[PDB]
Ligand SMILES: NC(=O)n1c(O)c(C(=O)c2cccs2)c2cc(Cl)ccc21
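Shown next as structure tokens: one chain only, the form solved without the ligand.
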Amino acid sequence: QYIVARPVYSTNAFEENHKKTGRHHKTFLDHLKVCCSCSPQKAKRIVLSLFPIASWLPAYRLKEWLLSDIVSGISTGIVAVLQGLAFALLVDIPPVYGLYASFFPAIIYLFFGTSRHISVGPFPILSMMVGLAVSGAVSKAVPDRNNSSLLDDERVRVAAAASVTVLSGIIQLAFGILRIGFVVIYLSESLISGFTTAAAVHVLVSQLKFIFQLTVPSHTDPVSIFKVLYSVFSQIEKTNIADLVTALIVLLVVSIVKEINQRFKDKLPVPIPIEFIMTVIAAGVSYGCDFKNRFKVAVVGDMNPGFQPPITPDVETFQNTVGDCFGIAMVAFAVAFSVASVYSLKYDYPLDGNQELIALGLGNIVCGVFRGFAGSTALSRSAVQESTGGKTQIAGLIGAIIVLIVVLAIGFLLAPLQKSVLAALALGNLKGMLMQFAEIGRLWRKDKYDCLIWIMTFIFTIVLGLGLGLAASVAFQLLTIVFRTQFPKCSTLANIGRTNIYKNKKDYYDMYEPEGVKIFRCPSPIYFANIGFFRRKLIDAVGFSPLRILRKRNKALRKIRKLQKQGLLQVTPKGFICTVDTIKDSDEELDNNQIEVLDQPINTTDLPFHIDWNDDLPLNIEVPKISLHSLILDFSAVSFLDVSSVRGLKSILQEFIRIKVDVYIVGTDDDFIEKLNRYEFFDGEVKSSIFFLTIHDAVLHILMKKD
């Protein structure tokens, strides 16, 4: 049983009876003296936050982790070599520059990174974005000033890729220093699903150059994918059959083996390395049977051993690639943080979002100085490193050691590799991204505001491209928040069961509603896109407009005074005795510059008899009549207000108070009423006595005030 015996409280009488604690407000300056004030155990936290390898490496369990890290590092270093060779073709540079992208960030992240299960390298979507930024940069360059010229057009693409990488790393490091690594929260799940599904189609289309062995120019556009499709299918009579059959065989075999490893995650230690076995088989059969001369297949060429000397970044490339580098930096950090958060939740260790930006930015800067291209983690390579038994970032060190031993020593192998095997290995990781097409039907019957976000993200990314489509999709996703709260379902309430329960007036059968009281609920925060709808729904829920009846009352009072000081109608302390039956009954029209005296509050204290405005006026004067005398506003679900709302609500309440209708606001916490004091909302007319605790408090106050 629910039994309550209580006084009726009114948010001002409540705080008279209950002593508040009193908490000191923190202004701008004590935050400053709290932050910049050093201590011998304060700098030793910041330094260990900047170098986490000083914290995890002495706490290294040797006997449990070393033999697992060795095996995990070898098996992910092989995949890092092959994926680095494959993703350099998506930037259209020589393939040895993808091996440099798999070495330097994995060394910098070993010192400055906080994740333990992430392999750092390149991944296909970011390589497509870097290639688009490069071919957009070499077409905006100044034209400054016979036989070997198609090796010098790849010498400028390498420098453009290095400069784009250095600028993206600088943007990432500057975002990490300014401690704004919370920007991943502006990306909902529907936006990520739509972007991922469209970018999988981008990746699938851009691999058709190498499976068919066709020559496609460097389209950089809004509508790049359809131009690439037109350039491929205009010349499909010139394909190479030996490059197509091999890609089909490799894709089929790694597809039916890469799902045995998920069907049989138990029963089977160290899952089957199929990207290594198929590469060994393909490069061994392309040698010996002489595939480069029997057929005419494209191969990975002769890579020269060693590293390159450092480069100096071109500021002319920095001038006209800024909007591309911002998108590259944001996409790289968002992908890396989302992949690292899964294993951080799975193995229960903390993940610093601001240290990831510093580590990835430093890795990208050092990679771009030594002529690599940009990157962060890949989902498939991280899954290979984790599913083999990777416990920490020693596995990334051993993967970088294997990449180094391929660069320095054994790069004379992988010279008969057939360059469409490398394109078919990158298509084996598109299953989980393309299976997200079955989310339009799921989101259709659940929200319909996130289905719209999915469809608009897909369309913007397909039509506008990977960089500008994400920027358009974030803005549309912010529009849907305003769409959710434009027209809230406002309702009137009534009492059920003669108790303190008040629900919707249309929903139940024998609800009671007290005489002259109107309860109105708006289930949404009221802001600038919301206040005219609120005012319209309130004055249609109450039956009339208070400004119109105030104007008609002022007109009737003006006619009463005009007949009065002619000495026609008598004035008594009780009665309003008239003299004549009918007057000429004019409809006196007052012009502009005077029509706004009808909005003034009525002050009839000069007249002794109290006027009613609800019985009939003494001669044929026809002001309308209302039955309302009290209005409750249920503000429980109203989260915040702003300046437009405070002005509109102030106008509404001033119009209701001047027509002699008492207004009560009900259901707010103390932060709301404290914020309303800063807007200068209260004055001599709208007091602070209008706030009550619950609806039943206001109704019980009304039902004993009016008797």
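A residue's number is simply how far along the shown sequence it sits, counting from 1. Heads up, when I say rigid core I mean the largest set of C-alphas that superpose within 1.5 Å between the two forms.
Same protein, other form: the form solved in complex with the ligand, not shown, and the subject of what follows.
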**Prompt:** Since exactly one of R535, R551, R558, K258 fits, which has a heavy atom within 4.5 Å of the ligand in the deposited complex?
**Reply:** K258
**Prompt:** Among the candidate residues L633, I398, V384, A340, which is the single one with a non-hydrogen atom no more than 4.5 Å from the ligand in the deposited complex?
**Reply:** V384
**Request:** Would you please decide whether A359 lies within 4.5 angstroms of the ligand in the deposited complex, comparing each non-hydrogen atom pair?
**Result:** no
**Request:** Give a yes or no for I78: in the deposited complex, does one of its heavy atoms lie within 4.5 Å of a heavy atom belonging to the ligand?
**Result:** yes
**Message:** Although the partner isn't part of this model, could you tell me whether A106 comes within 4.5 Å of the ligand in the deposited complex, counting any heavy atom of the residue?
**Reply:** no
**Message:** Since only the chain is shown here, I'm wondering whether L425 would be in contact with the ligand in the deposited complex (any heavy atom pair within 4.5 Å).
**Reply:** yes
**Prompt:** Heavy atoms within 4.5 Å of the ligand in the deposited complex: which stretch among 109-117, 603-611, 79-87, 156-164?
**Reply:** 79-87
**Message:** Taking a heavy atom within 4.5 Å as contact, would all three of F276, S380 and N429 count as contacting the ligand in the deposited complex?
**Reply:** yes
**Request:** Go through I180, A475, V322, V270 and flag the only one whose CA is off by 2 Å or more between the shown form and the other one, rigid core held fixed.
**Result:** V270
**Item:** Residue shift check between the shown form and the other one, rigid core fit, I583 Cα at least 2 Å
**Value:** yes
